[PDB]
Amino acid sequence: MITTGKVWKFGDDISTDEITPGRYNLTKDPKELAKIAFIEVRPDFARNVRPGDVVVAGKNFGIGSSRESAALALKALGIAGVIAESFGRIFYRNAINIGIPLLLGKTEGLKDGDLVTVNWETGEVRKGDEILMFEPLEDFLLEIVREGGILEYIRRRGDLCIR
């Protein structure tokens, strides 16, 4: 999976509460959630993000409460995936479950507004004439993302239909 998009850059310790602050008390509605992703920390994000854009962050991206609405909001917006130095355990989980690709590594070389082409399988990020390498998700996880999330994964496989 290779995508081309704009970098939306964030600092360290972005909490899931900052991803979906006000709307979010659970209204799973992907459409609605898309309207308030990063609504306070980055008011410009929600209305200007386009499919293929990438959320890039520093350390501990997605720490905090276990609200899956954060991952849902990003998915609803067509974000290509998330690149960070490290992720909050719960968010990482929710991103995979929802079907959002993730890359791990130093993000100091990526700035807000940068245009990049990301290969989510190899972790290769092309910026201008340079290439930044990140650790991609292992194959088992890419497979879950490829199917569109863990639920879709087991639905297609048939595990969901127990009887």
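Don't overthink the numbering: it's just position in the shown sequence, from 1.
_Can you tell me whether 137-145 has a higher mean C-alpha B factor than 18-26 in this record, or the other way round?_
Comparing 137-145 with 18-26, the higher mean C-alpha B-factor belongs to 18-26.
**Q.** 101-109 or 62-70, whichever carries the higher mean Cα B-factor
**A.** Comparing averages over the C-alpha atoms only gives 62-70.
| said: Highest Cα temperature factor in the entry, among the options 118, 33, 57, 115: which one is it? | reply: Out of 118, 33, 57, 115, the record gives the largest C-alpha B-factor to 33.
According to the PDB entry, is the CA B factor of residue 40 in the bottom, middle or top third of its chain, that is, lowest, middle or highest? Tercile = middle for this residue's CA B-factor.
| query | How does residue 82 rank on Cα B-factor within its chain, lowest, middle or highest third? | reply | As the PDB entry reports it, the C-alpha B-factor of residue 82 lands in the lowest third of its chain.
Please place residue 6 in the lowest, middle or highest third of its chain by C-alpha B factor as given in the entry. According to the entry, residue 6 has a C-alpha B-factor in the chain's lowest third.
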